[PDB]
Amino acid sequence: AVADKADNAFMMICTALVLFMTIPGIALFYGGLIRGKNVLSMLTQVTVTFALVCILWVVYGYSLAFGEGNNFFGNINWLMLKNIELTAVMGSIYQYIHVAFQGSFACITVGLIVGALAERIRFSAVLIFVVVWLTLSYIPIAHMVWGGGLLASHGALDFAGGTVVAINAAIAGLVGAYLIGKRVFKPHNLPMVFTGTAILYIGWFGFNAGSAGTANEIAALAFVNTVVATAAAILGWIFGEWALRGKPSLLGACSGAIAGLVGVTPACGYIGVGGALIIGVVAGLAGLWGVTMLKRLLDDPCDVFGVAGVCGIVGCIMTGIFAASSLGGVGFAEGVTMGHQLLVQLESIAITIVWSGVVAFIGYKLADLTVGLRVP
């Protein structure tokens, strides 16, 4: 196992791009959606929780998510990266790069949750929640899907995190929105929301293409599919908005982008451009329907949770369809029918929703018993 410098280069750059999605991507996205008086506090919480995730990741997160253990968790053999030789290779890159790249995914996942809920949660309480949820939800789900655990062992397809990132975060956020969250504000800085959306989009190329772990033809496919699905989802959302509301809106265009990005996340390295266009259109329409329905059951920006949750599910299911060779995809594994793959996709979604929800509930409850959840 020797490291390829081209892959090393690509993966370090892709990691910087993923970090860019949180700092400042998601912070700016949310910053434009919440009340002016809450912006500073939310930015502080996203920055501090981001730092917290970075540290827990190196201390034990990477080891428990990616070390060899059982179907649910890794081990404690790589605490503070101990025993990982500097020149150790994982795939075609130095393991240290794999550590950073994987950690950047944990960061954006947590940023998605914190940015929306910062407004309603006590500072000490969000720190407690992050610790419980990163450890008991993000880590096991990452291990099960990308760390050789349960889901991977059953052949689940999730190229860049439709389950691990999107659904995982949407459920944790929706549990929080239900527990706390002001019950009934029109966005104050839409240019700021656009800037955040734009940064998320550009960073998402490192997120999606980088998930190939090498600058090969799959990274290239994922790159093209990201461009295509995002564009198709912007158009799908905007068309539905023109149709149902009479005109498009900036927030609709940005939400459409996120809908396509999320929808193509699990599918990007497995489908054809035709499948990416179809998924993007469906994701944008389902996202619009989603936020419309979520708002009919909801004073905090849950736009992202509705989009990430609904589009993540749609994307994860559609991956079980468009990965088929006959539809331009890379093909299912040997001896796997579309019917069987679809069943595995659904089981993976079900497990992610329940696991994340239960852990989130425990996290919010532990914080509430310890320091009190709701901001004083």
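One-based numbering along the sequence shown.
> According to the entry, how many residues of the deposited sequence fall between residue 184 and residue 185 and are not modelled? Options: none, 1 to 3, 4 to 9, 10 or more.
Gap between residue 184 and residue 185: 4 to 9 residues without coordinates.
> Should the segment between residue 298 and residue 299 be described as having none, 1 to 3, 4 to 9, or 10 or more unmodelled residues of the deposited sequence?
Gap between residue 298 and residue 299: 1 to 3 residues without coordinates.
> Could you settle it for me: does 287-295 or 230-238 have the higher average Cα B factor in the PDB entry?
The deposited B-factors put 287-295 ahead on the C-alpha mean.
> According to the deposited model, is the average Cα temperature factor higher in 175-183 or in 96-104?
Averaged over C-alpha atoms, the B-factors run higher in 175-183.
> Based on the entry's values, in what third of the chain does the Cα temperature factor of residue 49 lie: lowest, middle or highest?
Lowest third - that is where residue 49 ends up once the chain's C-alpha B-factors are sorted.
> Divide the modelled residues of the chain into thirds by Cα B-factor and specify which third, lowest, middle or highest, holds residue 364.
Within its chain, residue 364 is a middle-third residue by C-alpha B-factor, going by the deposited values.
> By the record's CA B-factor, is residue 75 among the lowest, middle or highest third of residues in the chain?
Its C-alpha B-factor, which the entry lists for residue 75, ranks in the highest third among residues of this chain.
> For residue 205, return the chain-relative third of its C-alpha B-factor as stated in the PDB record: lowest, middle or highest.
It belongs to the highest third of the chain when residues are ordered by C-alpha B-factor.
> Among the chain's modelled residues, which third holds the C-alpha B-factor of residue 26?
Ranked within chain, residue 26 CA B lands in the middle tercile.
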